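Next up: just one chain, as structure tokens, the form deposited in one PDB entry.
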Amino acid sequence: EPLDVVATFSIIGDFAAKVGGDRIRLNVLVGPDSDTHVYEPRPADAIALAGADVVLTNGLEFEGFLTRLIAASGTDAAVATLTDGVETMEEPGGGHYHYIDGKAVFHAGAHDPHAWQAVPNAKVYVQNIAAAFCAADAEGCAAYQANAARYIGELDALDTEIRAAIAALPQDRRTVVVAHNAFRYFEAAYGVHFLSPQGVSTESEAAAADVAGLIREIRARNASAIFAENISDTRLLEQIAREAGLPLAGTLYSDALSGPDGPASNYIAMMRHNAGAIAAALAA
């Protein structure tokens, strides 16, 4: 019978649907245009995990509710951390932390969790999906591994596509500003710097003491355009676009897919909506 699979949010939900095919029954907890940083599960989510065979998660404390939800669900499921094997980036500030015991240990934690904004990282996510499906359903492993290997092929072409478009840009204009500091893996991969009022997580609200400072950094970096994000309320970025004298060029997709009929209804559509929107604005 089909593998009962729950993914914590929409993007890895797309990775799951792509590897699992018709062999799985997906149930995503955090939906399109929704924010996992501040998500807080409904009793249905405990029921889903208790009824699940595999739980797919991002790890690095993206899902702050995860450990409490597993406990309330009493689930027996294999929990996959799709970050395993990704070469992960430190949070900014401060920056972030070590602390020696007998020796020096990378502290708590932070690790920037947005590893998916770099397509080579998304391949590791997909690797880790199939391994988690092979583990719970030996009979389908050859199918899982063949879907993942095919999708990883399309991911590789997406990467070539993205780097090629950013390389064609004048290097003097590589700075944009978004809602929260969610695109640092995009920068490490492809070379667009990102400014934002909010930090790595959206839990803390953006204060007025950030705007004058951010406006100054936007000028010193000659940032080219301001984007809203699909998971945040756009009003503060319109204000910043005004005071900075910069166009509000559109909406980027950070931590969630769009709905269907939307422009980022799957990951590969998502990365190309962003790369093209970023590309067009910097060329202007």
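All residue numbers are counted from 1 along the displayed sequence. Throughout, rigid core stands for the largest set of C-alpha atoms superposing within 1.5 Å between the two forms.
Not on display, but discussed next: the form deposited in another entry.
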note = Superposing on the rigid core between this form and the one not shown, the only one of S258, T57, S232, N27 with a Cα displacement of 2 Å or more is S232
ask   = Superposing on the rigid core, do we see a C-alpha displacement of 2 Å or more at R150 between this form and the one not shown?
value = no
message = I want to check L214: does it shift between this form and the one not shown by 2 Å or more at the Cα, with the core superposed?
response = yes
query = Has the Cα of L66 moved 2 Å or more between this form and the one not shown, judged after a core fit?
reply = yes
message = At a change of 3 Å or more, would you call the C-alpha separation of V38 and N58 in the other form closer or farther than in the form supplied?
response = closer
request  = Look at the CA atoms of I100 and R184: state whether they lie closer or farther apart in the other form than in this form, given a difference of 3 Å or more.
outcome  = farther
